[PDB]
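Given next are the chains, with one letter for each unit.
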Amino acid sequence: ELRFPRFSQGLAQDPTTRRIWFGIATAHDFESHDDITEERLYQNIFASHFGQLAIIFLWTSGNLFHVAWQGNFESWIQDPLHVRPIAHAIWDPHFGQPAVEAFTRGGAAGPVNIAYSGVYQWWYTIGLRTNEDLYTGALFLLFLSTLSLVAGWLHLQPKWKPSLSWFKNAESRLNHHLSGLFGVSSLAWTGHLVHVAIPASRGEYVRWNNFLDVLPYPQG
Amino acid sequence: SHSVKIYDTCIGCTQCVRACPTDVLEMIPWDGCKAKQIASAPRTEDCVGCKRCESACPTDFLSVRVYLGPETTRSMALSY
Amino acid sequence: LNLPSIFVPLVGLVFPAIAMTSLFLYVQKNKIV
Amino acid sequence: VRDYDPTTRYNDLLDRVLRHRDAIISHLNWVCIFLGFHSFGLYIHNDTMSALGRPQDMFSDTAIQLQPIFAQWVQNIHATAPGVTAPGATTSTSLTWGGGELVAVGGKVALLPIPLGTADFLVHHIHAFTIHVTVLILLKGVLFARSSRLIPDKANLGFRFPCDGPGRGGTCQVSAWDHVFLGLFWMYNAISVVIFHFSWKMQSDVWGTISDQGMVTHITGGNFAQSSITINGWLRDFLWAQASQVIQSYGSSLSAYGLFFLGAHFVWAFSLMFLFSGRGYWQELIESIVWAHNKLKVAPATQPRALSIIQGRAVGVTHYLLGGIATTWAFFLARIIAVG
Amino acid sequence: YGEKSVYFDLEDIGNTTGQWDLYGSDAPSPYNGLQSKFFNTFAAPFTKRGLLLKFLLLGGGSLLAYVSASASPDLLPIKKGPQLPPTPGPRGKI
Amino acid sequence: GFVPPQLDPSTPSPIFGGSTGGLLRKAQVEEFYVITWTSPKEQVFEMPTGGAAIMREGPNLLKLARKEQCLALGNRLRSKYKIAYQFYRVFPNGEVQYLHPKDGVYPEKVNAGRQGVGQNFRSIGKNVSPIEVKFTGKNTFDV
Amino acid sequence: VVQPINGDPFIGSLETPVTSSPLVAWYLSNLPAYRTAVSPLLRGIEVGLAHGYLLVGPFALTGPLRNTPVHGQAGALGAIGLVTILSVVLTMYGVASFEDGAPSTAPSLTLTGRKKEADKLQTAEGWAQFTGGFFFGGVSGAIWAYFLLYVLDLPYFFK
Amino acid sequence: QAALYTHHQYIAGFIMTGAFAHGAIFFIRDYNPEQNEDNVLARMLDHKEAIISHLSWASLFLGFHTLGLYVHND
Amino acid sequence: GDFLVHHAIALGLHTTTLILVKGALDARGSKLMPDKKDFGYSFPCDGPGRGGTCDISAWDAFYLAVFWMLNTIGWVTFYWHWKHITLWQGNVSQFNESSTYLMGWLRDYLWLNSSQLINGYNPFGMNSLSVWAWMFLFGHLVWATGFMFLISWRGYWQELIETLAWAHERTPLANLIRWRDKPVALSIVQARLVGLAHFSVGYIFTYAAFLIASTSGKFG
Ligand code: CLA
Ligand code: CLA
Ligand code: CLA
Ligand code: CLA
Ligand code: CLA
Ligand SMILES: CC1=C(C/C=C(\C)CCC[C@H](C)CCC[C@H](C)CCCC(C)C)C(=O)c2ccccc2C1=O
Ligand code: SF4
Ligand code: SF4
């Protein structure tokens, strides 16, 4: 541990620009780092996977927030074959006036981009109807992204580090991931479809404030 | 610095020593071959890693081997 | 207030300046400890 | 590499040139960078301004103007030469100099004055850029053939050798033959741009038909001045528009040119296999194939080997040049025969 | 060094390697006394690099953000906004 | 046994007009190299840095930037001419280290008193697999 | 007219009329960056004044607001912003290169070999004084050019 | 629809190349011959010449006859 | 036409598999380099001896296979797009008749469907496709830049860099500034990586611009 990169003495003593490039390129090759053991490899991998989850949740929450803030989801709901959905607004100080005129589309009051990811159709099929719902979804995903970082920080402290033999229990991991991660998630999504989206496809609005009273089926 | 190694299949022909452009190698007495000599690599801090020595060796497979390692001013051949 | 007019310059111009300054000063350190 | 010998045949000028090669090469490097910026970046700036809806900020005849005044001055001097500086001549050497006059044979224009503007200025400085870069590469090849700060004894390795090993950071393509190999690509670039400029300018401003009243109609109707100042203009108004004749030639007497167009694209793309890869992979593959031939008693005595490194580079550049040049050949011939 | 065609020395090794300042000069200050005194008074607070870096960065960011926020519509087309009715998309798309 | 000679700093230099290929600032801060030899007569030779020079009769001393240049010049002096040479490394503080020829005999001629370095007494085909040295810091080629 | 530098051919250059004529040596020795016996503050102030004065023209004449009644203000503001960026870069370079308390790395020998005191500019404190002077002088020089061009409105050539 | 089909096919291609990359890394870094003696993984290494040669034959056949048919039709 | 294009796709799959499998199974060694496993997964070469050994490591086999992957996926997506674009216009016979020869692909798919895209901006004005038009050219540029890293190799560039170092150390008013990491040319493996990256980015951006512009110009 002398200078950047702290994880490689061979690169850290290199006196050329090659120190910098290679330092970037070998950052995530944990097996090649100095004085690495087998246990630290698994623990660092666990923390990094939590990081990937946090980033994914942030990406989705950003999509929801920007669509709610600057999109035309409510307008698109009423005329889905002739209205173009809006991804996000444009604010470019390099633009000229003809471009400002040309990019104003979709019924908006300013230049916009049209979305081709298909998130409007997806979010309409699963029962979302207003901008308030989108805002609540974005906030919930923002909470999950923070939960991922907190868990990653917690499982990297001496009291809470799993041992090497924990990571090599194949039978237990297979049982938990087959039964719980795949099956139970499917059960929960089926429940969502029965309680929320299918009623929404018939004119019934079920939310967190009245879902207990309404019955998904008349005979229960 | 690079690493250079000599294996006991050497026949002591001396071609690798003659081929080196920075004087890394030299010949020393031995009793394992008919020529009564074998190569040696005592100055590997001056090796540039050109592999002319491997090009010169006649045995199959090679008797002198070069493994590239951490780079220095001497091993990158920088005059500035 | 027009939020894009304030936030686009901050993310496109000032934040890159601070981040690049910090990274340049980090990679030039003679010793880290 | 082979004949220079200062112990038996000394020359002072060659020695003096060899003794400031760093200064020569560094200054040529800098001027190449300067020309590249201030020539190609102008096209980039124009493309950006046009796409953003700001045509009044472009470099053009209707906007910020960059007129080639020296060329116009030389043209004016040459067009008015008959009478003062060359009293014995009736008319000028060429009709392109000026002096408004047109010669028509069989209802077709032969020659007439050629005007110069912002687009001509830009394309001429592009030509300067490509030529100076070609000179940089080839001169580096000749001047550092015998030695350099990296390989002190290069002259002992010869004119044509692949490398001197992965050490010193890596030494691929230090020989003079490799400098020639690299120079062929930039020569191709330069000459291709020259002939494209010629084709578009002559079709837009010179060639055409003339009516009984004397109304000249050009083949592409004078679109060079406004459209050749962006890259999108070269892509749309030159390649896409004029490729129609060659791609519609099937079923007529010009179908051979369509067939050659496709075949030359094929050869050009074929060369990339040789250019992008290396011989170790191919020798390893040949080992497996030779096993199968040995299985059935058909292994030849002349042992198969992959191409040498130099031969790989040579085959690559040869097929690249053949494919590109033949593609352009078919394009030109079909276009000019059908529309001319 | 420099005598009898000798350029090497184990004592004056700096001159052997050529550690010189070719254009460096050693001359007194040519500035006026009163001018120098004036310029040595109001340029004091900016001579501390640690504070200067933060001042430059934060003040520059603040100035840029404020100028962007307060820019006039007659100068920025993006600030002005559209002034023409929208054009229709294909197949009657809005 | 063999006593290496001492570097005399007053040795003259060859007759040269100069070039742009010589020493840079590294020689001032890190190190440089010096080659000396003796010529029977004044004559022309090709410089390893580009161009030609004229060596004097008697002692000659030349300063270079890298060891490879010294060895290349020495091989030219030994093959084309019948001249013996030596060279040294010089540090910024004025320390001199004698480099070549190390023990007075050329490396390609077997000489007694030399100690072997980096010799593995096996065939190259008997090196172990990488997994056998994982998480240890050793090398499969290190003995 | 071409000779080895200081009589030493084996250094990596050879003296020319360009690099050895007394006319060039006088001009280069009379520049603020080579006044080794002057405080870094004033040397930086002169540099900042000159460069800030020169930077006004391009922004005021070639920018996207050149055909508006407020082109001069836009040019002056662009010059000031560029000066700020350059001052930041100067401070970063100084921080990266020089450590507190380290001796000057400037050459201590002249052409004849006479020893000289090292330049204070190549230190942690001298470079900071030079940087502050550069920033102050740059702002002042930009303001002066704006005042002379678009306030008093002197009669120039193609302003 | 066009965007979704194209996007997911390119992502799939990159994933497929990565699979073989890390599979090759396995053979160098982790594979232990002594503890895999004569199992299926070792016999794969044992008949590599046959495997590679038959893959080469299939590629040659497909290329020759497909390119030939296209050129004949042209 | 479907028969012919499916056998082309099969060719792509078989050849890409050949390259990757040969890389994997020869990783530990071969007749040309019987001790390859000692040198690791990625290394430049083994020098010019024994006939020459350029591109002998497994990393290089991956590098070669990525080109064939891009080729194959290009064929797949070209076929999908042309068949659907003729379906959506009600002109299936166009595909059924033009697809049996390659000039049909060049003329009736590529050339014909670019006309709107390359008119996003022109000497007369611009429209909402201008960004896509710009992106189109951007792609062609990055692709081509990659060729530079793939065709010219390191020893040419290092010699050039030495001269620039000499020039900077000799220039007045600029030699008062010094570098702290010595500049050198890029490594052999690094250059292969940078070239392949420029190639892939250009590939993707060019096709995305063409696909989106061609479809949305006709249908929205
Ligand atoms: C029931 C208990 C349980 C559950 C729910 C989990 C859950 C998880 N574990 Mg596991 N784990 C458990 C027990 C459990 N574990 C036990 C007991 C052990 C010890 C033996 C471990 C040890 C362990 C380790 C060591 C690791 C995990 C990891 C993970 C995560 C994997 C990444 C992920 O999010 O995949 C999400 C996957 C799915 C949702 C299922 C796949 C769905 C496929 C793609 C099909 C989709 C079809 C669908 C229709 C598509 C809809 C698309 C949409 C856009 C409409 C995940 C959060 C990894 C991690 O990242 O940790 C942070 C990790 O490294 N676990
Ligand atoms: C389109 C492909 C392409 C491009 C762009 C280049 C570019 C270059 N080549 Mg290369 N080359 C290529 C293909 C290409 N080459 C191929 C295929 C080969 C193999 C045969 C080579 C072989 C080769 C050799 C052998 C040499 C070059 C040289 C050069 C340089 C010429 C100097 C110059 O013009 O500098 C000016 C720079 C440019 C024109 C690049 C474009 C800059 C744009 C227009 C402006 C950018 C603005 C701004 C900075 C953007 C910042 C954005 C921010 C977010 C970062 C330049 C860097 C020569 C060299 O080094 O000369 C000094 C040289 O010797 N090339
Ligand atoms: C998201 C990034 C971003 C942003 C927000 C801007 C913003 C701007 N650019 Mg663009 N630009 C960018 C990236 C960006 N650019 C990139 C990456 C490039 C290179 C490819 C360019 C290349 C470029 C050029 C070539 C030009 C612009 C110009 C402009 C201006 C056009 C609007 C106008 O009329 O200004 C009119 C306003 C003025 C003439 C005066 C502006 C004065 C500023 C606001 C003073 C700031 C002072 C402050 C201390 C700076 C602190 C910096 C730092 C320490 C935090 C505007 C300030 C134009 C311009 O005017 O530049 C000055 C121009 O000519 N840009
Ligand atoms: C779950 C996925 C996954 C994971 C966890 C890993 C993990 C690992 N891989 Mg593997 N890999 C994957 C997927 C994955 N890989 C895929 C999909 C491929 C096929 C492409 C590969 C191909 C691959 C190779 C070939 C290698 C690894 C290696 C590695 C190691 C990290 C190397 C590193 O630090 O790179 C650092 C990262 C970089 C230097 C960044 C590279 C970015 C590239 C060049 C493209 C960037 C372009 C950019 C986006 C341009 C934007 C432009 C803009 C205008 C849009 C590590 C063990 C290495 C290893 O283990 O060696 C022994 C190694 O050599 N992987
Ligand atoms: C358009 C370009 C192109 C073409 C046609 C090929 C063709 C081939 N490549 Mg190559 N390749 C290319 C580009 C190309 N590659 C690129 C860009 C790369 C990235 C670096 C590679 C990387 C690569 C690898 C790594 C491998 C291949 C392999 C193959 C073979 C696949 C099997 C096949 O189709 O056999 C059929 C053969 C052909 C279609 C070749 C053309 C046959 C002609 C038409 C026959 C008639 C010739 C004619 C009569 C001669 C007249 C000329 C003269 C006598 C006058 C084949 C020889 C693989 C291989 O070797 O498999 C065995 C292999 O391992 N290629
Ligand atoms: C494809 C390729 C090969 C392999 C290509 C080879 C070996 C060429 C083979 C040429 C012909 C087909 C050989 C057979 C010639 C016989 C005379 C044919 C007899 C039968 C006819 C009469 C029908 C390399 O060896 C190579 C080397 C270095 C860099 C790149 C590459 C490279 O890309
Ligand atoms: S690699 Fe080159 S320098 Fe190193 S020992 Fe071999 S021949 Fe000598
Ligand atoms: S990659 Fe090829 S050309 Fe480059 S050093 Fe290795 S063998 Fe020589």
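Residues numbered from 1 in each chain as written, not as in the entry; some residues may be left out. Chains lettered and ligands numbered in written order. Part of a larger assembly, values for the part shown. Heavy atoms only, no water.

- Structure determination for this PDB entry was carried out by cryo-EM, with a resolution of 2.2 Å recorded in the header.

Looking at the interface of chain D and chain I
Reasoning step 1: Between chain D and chain I, the contact holds 58 residues from the first and 58 residues from the second.
Reasoning step 2: Of the roughly 5,500 Å² buried where chain D meets chain I, counting both sides, 69% is carbon and sulfur surface.
Reasoning step 3: Summed over the shared surface of chain D and chain I, the number is four salt bridges.
Reasoning step 4: Where chain D packs against chain I, one counts 28 residue pairs in polar contact. (Contact = heavy atoms within 4.5 Å. Buried area = accessible area lost by both parts, 1.4 Å probe. Salt bridge = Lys/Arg side-chain N within 4 Å of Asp/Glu carboxyl O. Polar contact = N/O pair within 3.5 Å; in protein donor to acceptor, adjacent residues only side chain to side chain.)

Re a nonpolar patch on the surface
Residue and element names in this part refer to chain G.
Reasoning step 1: A cluster of nonpolar side chains, contributed by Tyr53, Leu61, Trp144, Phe147, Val151, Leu152, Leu154, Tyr156, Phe157 and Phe158, occupies part of the molecular surface with about 1,100 Å² of accessible area.
Reasoning step 2: Relative to the helices and strands, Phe157 is located in the segment after α6 (124–150).
Reasoning step 3: Look at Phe157 and you get exposed, because its relative accessible area is 81%. (Patch = residues over 30% accessible without salt bridge, like charges linked within 9 Å, V, L, I, M, F, W, Y side chains within 5 Å. Areas by Shrake-Rupley, 256 points an atom, 1.4 Å probe, with all protein chains shown as cover. Helix = DSSP H or I, 4+ residues; strand = E, 2+ residues; numbered from the N terminus. Buried < 20%, exposed > 50% of the residue type's maximum accessible area, 1.4 Å probe, protein only.)

A word on the coordination of the magnesium atom of ligand 1
Reasoning step 1: No protein donor other than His177 of chain A (NE2) coordinates the magnesium atom of ligand 1, and that contact is at 2.1 Å.
Reasoning step 2: With respect to the secondary-structure elements, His177 of chain A resides in helix α8 (residues 170–200). (Donors = N, O, S within 2.8 Å, 3.2 Å for Na, K, Ca; no water.)

Points about the nonpolar core
Reasoning step 1: Core analysis: the biggest nonpolar cluster contains 50 residues, and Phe181, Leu275 and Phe276 of chain D together with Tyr63 of chain I have the highest contact counts within it.
Reasoning step 2: The element best represented in this core is helix α2 (residues 58–88) of chain I, accounting for ten residues.
Reasoning step 3: Excluding residues that lie within four positions of it along the chain, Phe276 of chain D makes contacts with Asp55, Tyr63, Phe67, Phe147, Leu150, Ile151 and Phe199 of chain I. (Core = buried A, V, L, I, M, F, W, Y, C linked by side-chain atoms within 4.5 Å.)

Here's the deal with the pattern of salt bridges
Reasoning step 1: Considering all chains together, one arrives at 54 salt bridges over all chains under this definition.
Reasoning step 2: Between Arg18 of chain A and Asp14 of chain A there is a salt bridge; the shortest N-O distance is 3.2 Å.
Reasoning step 3: With a relative accessible area of 1%, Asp14 of chain A lands in the buried category.
Reasoning step 4: Through salt bridges that share partners, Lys51, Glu54 and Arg65 of chain B together with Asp35, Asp46 and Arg50 of chain I make up one connected network.

Quick look at the environment of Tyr121 of chain I
Reasoning step 1: If you trace the backbone, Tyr121 of chain I turns up in strand β1 (residues 121–122).
Reasoning step 2: Here the alpha-carbon distance between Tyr121 of chain I and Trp134 of chain I, two residues 13 residues apart in the chain, equals 8.6 Å.
Reasoning step 3: Ignoring anything within four residues of it in the chain, the contact list for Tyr121 of chain I reads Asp47, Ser50, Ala51, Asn232 and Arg236 of chain D together with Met126, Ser130, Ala133, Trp134 and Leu137 of chain I.
Reasoning step 4: Separated by 2.8 Å, the side chains of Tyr121 of chain I and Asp47 of chain D make a polar contact.

As for the packing of helix α1 (residues 2–29) of chain H against helix α1 (residues 2–25) of chain I
Reasoning step 1: Between α1 of chain H and α1 of chain I, whose axes approach to 8 Å, the crossing angle comes to 15°. What the angle tells us is that α1 of chain H and α1 of chain I run roughly parallel. Classified by chirality, the crossing of α1 of chain I by α1 of chain H is right-handed. For the pair α1 of chain H and α1 of chain I, the contacting residues are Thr17, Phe20, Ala24 and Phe27 of chain H in the first and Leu20, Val21, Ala24 and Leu25 of chain I in the second. (Axes fitted to C-alpha atoms, helices over the stretch in contact; angles between N-to-C directions. Parallel < 35°, antiparallel > 145°, perpendicular 65-115°, else oblique. Left-handed = near helix turned anticlockwise from the far one by under 90°.)

As for the arrangement of the chains
Reasoning step 1: Counting contacts across all 25 pairs of chains that touch, the top pair turns out to be chains D and I.
Reasoning step 2: A gap remains between chain D and chain E, which never touch, and the nearest two C-alpha atoms on either side lie 11 Å apart.
Reasoning step 3: Of all C-alpha pairs spanning chain B and chain H, none lies closer than 16 Å, and the two are not in contact.

A few points about the sheet that holds strand β7 (residues 119–120) of chain F
Reasoning step 1: Spatially, three strands are ordered β4(B)-β1(B)-β7(F) in an open sheet, and the strand pairing comes out mixed. Only two strands of the sheet have a single partner each, and these edge strands are β4 (64–67) of chain B together with β7 of chain F. (Pairing = 2+ DSSP bridges.)

Looking at the site of ligand 4
Reasoning step 1: Neighbouring ligand 4 are 15 residues; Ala25 and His28 of chain A together with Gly18, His22 and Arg29 of chain H lie closest to it.
Reasoning step 2: Note that a nitrogen atom of ligand 4 is positioned 3.1 Å from one of the side-chain N or O atoms of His22 of chain H.
Reasoning step 3: Elements supplying a minimum of two residues to the shell around ligand 4: α1 of chain H together with α2 and α7 (188–219) of chain I.
Reasoning step 4: By residue number, the principal contributor to the shell around ligand 4 is α1 of chain H, which donates six residues.
Reasoning step 5: Here the residues of the shell around ligand 4 are counted per class, giving nine nonpolar, four polar and two charged. (Near = heavy atom within 4 Å. Nonpolar A, V, L, I, M, F, W, Y, C, P; charged D, E, K, R; others polar.)

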